[PDB]
Structure formats: C-alpha cells, structure tokens
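Just so it is clear: chains get the letters A, B, ... in the order the sequence lines come, proteins before strands, and each one is counted from 1. For ligands, and for the atoms within them, numbers begin at 1 and follow the listed sequence.
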Protein chains: 2
Amino acid sequence: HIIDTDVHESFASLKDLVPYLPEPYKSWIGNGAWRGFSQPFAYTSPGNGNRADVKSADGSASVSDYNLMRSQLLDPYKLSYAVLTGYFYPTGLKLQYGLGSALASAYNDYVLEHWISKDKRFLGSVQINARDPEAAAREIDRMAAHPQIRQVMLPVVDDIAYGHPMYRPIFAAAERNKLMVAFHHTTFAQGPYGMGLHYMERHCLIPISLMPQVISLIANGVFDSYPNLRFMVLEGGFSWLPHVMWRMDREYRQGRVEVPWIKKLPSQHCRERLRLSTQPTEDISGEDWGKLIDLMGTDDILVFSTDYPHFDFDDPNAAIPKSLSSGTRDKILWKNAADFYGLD
Amino acid sequence: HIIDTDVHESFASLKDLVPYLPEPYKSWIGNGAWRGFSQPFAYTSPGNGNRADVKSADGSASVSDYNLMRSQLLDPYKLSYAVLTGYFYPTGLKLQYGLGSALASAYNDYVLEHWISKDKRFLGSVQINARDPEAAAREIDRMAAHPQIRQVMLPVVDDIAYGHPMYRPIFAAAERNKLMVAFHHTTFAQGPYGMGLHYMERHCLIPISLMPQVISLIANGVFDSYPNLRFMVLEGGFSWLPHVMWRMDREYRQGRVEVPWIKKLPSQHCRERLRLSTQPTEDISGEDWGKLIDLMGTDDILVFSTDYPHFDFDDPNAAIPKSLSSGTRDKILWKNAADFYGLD
Ligand SMILES: [Fe+3]
Ligand SMILES: [Fe+3]
Ligand SMILES: [Fe+3]
Ligand SMILES: [Mg+2]
Ligand SMILES: [Mg+2]
C-alpha cells in the first residue's frame, strides 16, 4: 500500500486547452497572444528540473504523457493512488482574471478528459484562479461532481496569504463540496526578500514561502470556521513543524484577547487537520525521524509523495526509514493520505 | 556565570541625539522635522511591548534609564556581561541616507557616553545605516576602537537580505576591526506576504523574517569570504535550525556547481560560527531541548538572553532547563557567548 500525494502532470502544449476555451480566450490562446509560463530561472540539474529520463513536450518540469507516467511510476511501484497536483497554475497571472479563470476551467476539462478518466488510481485536484475567489468557488462547484476529484489546489504565488478573508469563498466552496485543500509552491514562490540570488538559494527558500500559509490559516480562523477541511502542504519540508506549532501556541496563549475566533490550540489544529508531504528528502537518519515525529506529538501528519517527475524524486523504496515502527510506516506511506482523502 | 546577549536600551527622547548631530540634521531633529519611529501596530500585552514594570520615556518598547536596568536586571541576576543591542535602528529609514547615517553615528555617541561608559558589564554594538554600506563601514572603523564595542548590529528590516554583495563593505569592516555580527528584527520585519493581519500573526512571522538571513549569508559566500566572523541571530527561535541546516546541506550537495565559493557544508559553517539566542520561550520540555540539541549535532550554538525589557522576558533562573547537563547549561548560559565575543 502506497499513495503518492504529489505528481505533476500537464498538457503537451498550451494550445491543448483551445478546444475547451470560450471566445475571445479561445482565439487569444490559439493565435498565440499568450505563450504560457516560463520559470524565471535556470535549473542547474541536468533534465531541466525533471529527472533525466522524463521530458515534457513543452519543456517545463512536468510530464505530458500518461503512458510514460504509468510505465515509470504507477505500475513499477504498484501505487494504490496517485494524486495529480498539476503544474500550470493560472493564479500566477496577475491581470486579466477572466482569462486566468477560463484557463483554470479549460485545464480541469483537459485533465479530466485525458488523465483522470484514463486510470482509477488517479485522484484529482481542482485548479483555479484564486485571484477571483468567487469565480474560483464556482469552478470548485463545477468539478467536485467527479468522484475522483478530491481536493482544491491553492497555488503559492508571490503575493497571496490564503488566510486573508478575501479568499474565504474558496474554503467555503471546498467545504461545501466535501473536498480537501492542498498547497503547492509555484515558480514565483519567494521569501520575504525575493527568491534569492542563485537557484540553490531560491530552492532553500521554498519552505519559507509555505510556513506562512500554515500561520495565516490558523491566525485568521480558517481552521475554526471550516471544521470539515483538512489542509495538506506539499514539498515544504516537515522538520520545521515542531517549531511552527510551539511558536503558534505561545503566541496564541499570550495574545488570545486579539484572536477569540481560535478555539483550539494551534498545535492541536495541526495534529488533527494539517498534513505535510515527506518529499524532498533531507537525507536524515532513522533515529532523527523518530525524534522529529516525537516532537510533532503524533504520526498522523506526514504523507508520502514522490514528486514525480522532478529532479528530487523520492524513491518509495528508500525515502521512508524502514527502522520506523510498522504502524508509523503504514501511516506515512498510505493511511494518513487515505484518511485525508476519505478512502477505504 | 550568565551573559545576556539581548538587551534593548534607548534614548529618552530622539532630541537627545541633537548634541551629536551636525547641521542640517541637528536642526531637522531639534526642530521636529522628523519625530522618529512608531511601530505600525498595537501591542496586545499590557506594557506596550515591555514588561509591565518597565516604561521607556518615549513610549517605545525599550528602557531609557540605566538605573532601572541595573536594579531590575544587571544586579539582581549577577550578570557577568550584558550585550546592549539597541532599539532605534536608522536602517528603517528608506530615504535620506545621509540623515540615517548621521543618526546611527549620533546614537552610537549617545550610548557610549550615557550607557557603555557607566558599567563595565556592558558589551556594545555598532548601530549603522546599512542602506549606505560604505558609510556604514566608516562608522564601524570609528567605533571599533572602544574595547567594550564587540559587534555590529544588522537590523532585519522589510527589504534587505544581507547576503547581497552590495553589503560586503559592512562584513569587511566588521572582520577587519575584529567585531562580530549580530542580527535583530525591527518593527518592519515581515514574511513574504507582509507582516500578517493581527499582532499575534505578526509575532508568529518574526522567525520567518530571520531564517532567510542565514540562508542568504551562506548561499552568497559571506561565511567563506569572512572566515574570522561569527554570526548571531537573535529572537528568531532555534527549534527551526535543524531544518534550515539540513535543507541548505541538501541544496548544496545537489547544486555545488552553481556555488563553488562555498567551501564547507552549510551545517558545518553553522555549527562553527552561527549562534542563536534562546529567547523567547516556546515552553518545551528539558527532554525536548536535549532532542533539539541532538538534531543540531552540537551544543555550541545556543546563547542565553533575557530580551529585557520586553514583555516576553526570559528569567535567567527559569529559562534554561535544569535536566540538561551542566556542560551544556554552562555553554548556553555564558560560555558560548564568551567564546563568541572573545572574553575570559
Ligand atoms: Fe511537487
Ligand atoms: Fe518539485
Ligand atoms: Fe523583543
Ligand atoms: Mg573593539
Ligand atoms: Mg517570558
């Protein structure tokens, strides 16, 4: 039993969405008025962000061929489930919201037709344009129909803290439709002072772009006001979570006159309803895993992911220390995710 | 012994700096053309950011009376040394660099005459305007000649990552003058998406404004370029340091080719020359302290501080768990700081 919570599929070409777009957007994209995203840095690994044996058609760090994924990932590792978390994140567009929203819908149509419908091991994400939270809510209502769709994907761009009350229609729609919430960094993710000055630094900063989302959701009452949502943060690490939990607890105890809508200790909200992917490895010893899980106070929090097809892919047979107890190992590799997605 | 690495003294009024200012800044400040900083949020603790029993003359979260510090902190605890870290950080001025630098200089004159020269337990910090690194370097040259001056303060404002090469004259001047480097957050410290929406969330975010300075300094070669410098990050916590060290090590291994100037593993750099204060408390058990020290791989890193006179003052007799070994406790309470400042 293995569930993979982070897999990056994509179209082969941006014009694959033209059949799904209404005019004028259809003509804008068909005639080349916008050519898509191009990450604002050079990858320093061979393979251009992917493993060396995976290329997408448009060059991005993704996979555009289901046959390649099935033959490299799904079948060889005998995955029970693989969560498609996308890669084309229209929330990265900072103007022309009507365009970003039409791209979000068109992308979800494309993935349902050429991915999710091809394999029962897939669990799908609703991609959205979070800059129009009401349109995003309507796309969530649209796509929650399909029983394999299980979460909404909230992309971490440069300028959005998702606990801002502007975004509440998104979480209300997610809850309404029995979908969970997932967070993933974009090519625009940054620290307080930018992405740094080199690729290696930009990549060190990815955890720093994501810890404020946990802090934001809790301080602004997102956990308290949608009790049926669980929240999964992918690819930001987990070794920092003891500190984020203890810190939030201290600030809650000292400052609760200011935040009376928080009705549990932040650490308790997190143990109950926050999940963090294990990928990428920090190359940590087995006894160090056990210590960190102790400090977290539970083994319910970690979910396995490979992050196929990216360069720092986590081999399922080597990422999770086998010295861990069997109950904990089963939780990390599949039970924690299974409970998150309401499976079995 | 006990050495306090974080104590916030200030002037009683900004006009106290007039006697040290040249024209036209002398007249600007004396006549009230600028009235100083005023933090952009309401404190939610009784005490306006301070202990309920300490009030500064200008209303800021600091202490302006040496007699009060001596009888509330220096004498009652038998402090061997106290590091005056300031509070008024002119780097927060984002224009009129000439004025900002004259204020740094004036402030340093004030502190030497009315604070440092009054008590041999004080270690002093050079306050600067980091927006003009060449002027900042001349002020470091000017003040380093006093023996109690032992470090330069690098304030963490909203928009400065100190690893950017523009800042190298500051590190060059520190190393040349045999001073160390300390970082402290300002009232302008923030995360990637601002300082949040509540005071409690702004306070949660402080460690997020400080972790990127460790990442910036290492990735951009500050550690390797200035091997005789030691770096202290204050008030950011320390439970996050294992993640930051592990992450940076991982990024280094997979991306050396981009950063050949980094001659040691980031974790080794940190174990040897990065220090972190223990304040404020996260309320964690002695057992858990020992596990975190395990995860950093040394007990050389932590330095005690009270952060007098702030609301989350750490009492020297209760902040450091007693189940830790006496060696570790001695290192934390004074020996790590003594070696950092070149004392005893
Ligand atoms: Fe991923
Ligand atoms: Fe990735
Ligand atoms: Fe403080
Ligand atoms: Mg000196
Ligand atoms: Mg305290």
Visitor: Compile the donor-acceptor pairs under 3.5 Å between side chains in residues 336-344 of chain B and protein atoms, sequence neighbours left out, one pair per line.
Guide:
| from | atom 1 | to | atom 2 | distance (Å) |
| --- | --- | --- | --- | --- |
| B/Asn336 | ND2 | B/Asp299 | O | 3.0 |
| B/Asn336 | ND2 | B/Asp300 | O | 3.2 |
| B/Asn336 | ND2 | B/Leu302 | O | 2.8 |
| B/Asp339 | OD2 | B/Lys335 | NZ | 3.0 |
| B/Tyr341 | OH | B/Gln151 | OE1 | 2.9 |

Visitor: For atom CZ of B/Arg176, is the number of surrounding heavy atoms from other residues, nucleotides or ligands below 6.0 Å larger than 12?
Guide: yes

Visitor: Scan side-chain atoms only and decide if A/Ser305 and A/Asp307 contain a donor-acceptor pair under the 3.5 Å cut-off.
Guide: no

Visitor: Considering the options A/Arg250, A/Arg256, A/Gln254, which one meets the side-chain hydrogen bond (donor to acceptor under 3.5 Å, both in side chains) requirement together with A/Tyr252?
Guide: A/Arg256

Visitor: Short question: side chain of B/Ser117, backbone of B/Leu112 - any donor-acceptor pair under 3.5 Å?
Guide: yes

Visitor: Return the set of residues passing side-chain contact (heavy atoms from CB on, under 4.5 Å) with B/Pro76 (not counting sequence neighbours), or none when no residue passes.
Guide: none

Visitor: Around the Fe ion (ligand 1), what protein N, O or S atoms are found below 2.8 Å?
Guide: A/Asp6 OD2, A/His8 NE2, A/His184 NE2, A/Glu235 OE1, A/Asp307 OD1

Visitor: Are any N, O or S atoms from B/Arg150 nearer to the Mg ion (ligand 4) than 2.8 Å?
Guide: no

Visitor: Of all the heavy-atom pairs spanning B/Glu235 and B/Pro280, show the shortest one and how long it is.
Guide: O-CD, 4.0 Å

Visitor: Could you tell me whether a side-chain N or O of A/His310 sits under 3.5 Å from a main-chain N or O of A/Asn50, the two making a donor and an acceptor?
Guide: no

Visitor: Give a yes or no on whether the backbone of A/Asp312 and the side-chain of A/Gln279 come within a donor-acceptor separation of less than 3.5 Å.
Guide: yes

Visitor: Find the distance between OH (B/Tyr87) and CD (B/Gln127) and round it off to the nearest 0.5 Å.
Guide: 12.5 Å

Visitor: Give me the protein N, O or S atoms that fall under 2.8 Å of the Mg ion (ligand 5), sorted by chain and residue number.
Guide: B/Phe313 O

